[PDB]
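To start, the structure itself, in structure tokens.
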Amino acid sequence: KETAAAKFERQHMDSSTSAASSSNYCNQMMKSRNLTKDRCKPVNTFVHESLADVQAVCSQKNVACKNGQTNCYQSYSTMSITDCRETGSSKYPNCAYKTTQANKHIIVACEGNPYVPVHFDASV
Ligand SMILES: [Cl-]
């Protein structure tokens with residue numbers, strides 16, 4: 001019974017490093033966050049900012065989510081993030097990922113009391 005908010009943290013927060021420093025980051029991180037247990041999660045973004053900075057996005061620029069709901073928010077500023085996407089050859093359970101480090105806005109869906117990120121929608 002992971003809360004939605006806890007699952008967001010597990011899948012998307014990496015406040016421990018300022019940036020991915022190697023092309024192996026995603027392989028490493030997708031494994032360790034247990035995102036390849038039953039299947040290779042195809043796409044996943046990690047954010048290298050404080051939890052407070054990411055939660056704060058729920059008070060920033062209100063936008064529509066990909067799914068048409070309107071509980072999404074875009075960060076006013078760029079954030080250090082790392083995009084992880086499964087390579088075309090990748091085959092469970094030898095999950096393999098392309099790592100791309102970047103500085104982009106994040107868009108998250110927020111829910112609850114407290115009103116916190118529960119879904120990563122996109123980076124811009
Ligand atoms: Cl879910």
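So in the stretch 39-82, with the set limited to residues that are among the small types (G, A, S), over 30 Å from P93 (Cα atoms) and within 14 Å of the chain's Cα centre (by Cα), which one is surrounded by the most Cβ atoms within 10 Å (Cβ to Cβ)? Spell out the reasoning first.
To start, the set of residues in the stretch 39-82 that are among the small types (G, A, S) comprises 50, 52, 56, 59, 64, 68, 75, 77, 80.
If we keep only those that are over 30 Å from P93 (Cα atoms) as well, we get 50, 52, 56, 59, 64, 68, 75, 77.
The next check asks that each one be within 14 Å of the chain's Cα centre (by Cα); those that pass are 50, 75.
Values: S50: 11, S75: 21.
The extreme case among them is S75.
What are the pairs, 6+ residues apart or on separate chains, where a residue within the stretch 34-62 that is within 29 Å of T87 (Cα to Cα) has its Cβ under 8 Å from a residue that is aromatic (F, W, Y) and part of a loop (DSSP other than H, G, I, E, B)?
Hits for this filter: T36/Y92; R39/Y92; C40/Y92.
Going through the stretch 83-98 one residue at a time, which ones are more than 18 Å from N34 (Cβ to Cβ), of a type outside the set (D, E, K, R) and within 13 Å of the chain's Cα centre (by Cα)?
Of everything in the stretch 83-98, nothing turns out to be more than 18 Å from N34 (Cβ to Cβ), of a type outside the set (D, E, K, R) and within 13 Å of the chain's Cα centre (by Cα).
Please work out which one of (1) out of contact with any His (no Cβ under 6 Å at 6 or more places or on another chain); (2) touching a residue at least 60 places away in the same chain (Cβ under 8 Å); (3) within 16 Å of the ligand (Cβ to nearest atom) is the condition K66 fails and give its number.
Of the numbered conditions (1) out of contact with any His (no Cβ under 6 Å at 6 or more places or on another chain); (2) touching a residue at least 60 places away in the same chain (Cβ under 8 Å); (3) within 16 Å of the ligand (Cβ to nearest atom), the odd one out for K66 is (2).
Name every residue in the stretch 1-38 that is within 16 Å of the ligand (Cβ to nearest atom) and loosely packed, with under 11 Cβ neighbours inside 10 Å, in order of residue number.
Of everything in the stretch 1-38, those that are within 16 Å of the ligand (Cβ to nearest atom) and loosely packed, with under 11 Cβ neighbours inside 10 Å turn out to be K1, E2, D38.
Which count do you get for residues in the stretch 31-52 that are in a loop (DSSP other than H, G, I, E, B) and at negative phi?
Filtering the stretch 31-52 for residues in a loop (DSSP other than H, G, I, E, B) gives 33-42, 48-50.
Adding the requirement that they be at negative phi leaves 33, 35-42, 48-50.
Going through the stretch 31-52 one residue at a time, the tally reaches 12.
Would you please list the contacts, defined by Cβ atoms under 8 Å and residues six or more apart or on different chains, that run from a residue in the stretch 1-16 that is under 16 Å from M79 (Cα atoms) to a residue that is within 12 Å of the ligand (Cβ to nearest atom) and among the aromatic types (F, W, Y)?
Hits for this filter: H12/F120.
Within the stretch 105-124, can you find the residues that are buried (at least 16 other Cβ atoms within 10 Å of the Cβ), assigned to a strand (DSSP E or B) and away from the ligand (no atom under 16 Å from the Cβ)?
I106, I107, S123 - these are the residues of the stretch 105-124 that are buried (at least 16 other Cβ atoms within 10 Å of the Cβ), assigned to a strand (DSSP E or B) and away from the ligand (no atom under 16 Å from the Cβ).
Only residues that are in contact (Cβ under 8 Å) with a residue 60 or more places away in the chain and either part of a helix (DSSP H, G or I) or of a type in the set (F, W, Y) (or both): list them for the stretch 17-30, please.
Selection gives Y25, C26, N27, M30.
Which residue out of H105, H12, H119, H48 is touching a strand residue (DSSP E or B) at 6+ places or on another chain (Cβ under 6 Å) and more than 25 Å from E2 (Cα to Cα)? Spell out the reasoning first.
Numbers: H12 fails: more than 25 Å from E2 (Cα to Cα); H119 fails: more than 25 Å from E2 (Cα to Cα); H48 fails: more than 25 Å from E2 (Cα to Cα).
Answer to the check: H105.
Each value in this text was obtained by applying a stated rule to the coordinates, not by laboratory testing. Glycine also receives a Cβ, built like all others from the backbone with ideal geometry; neighbour counts cover every protein chain displayed.
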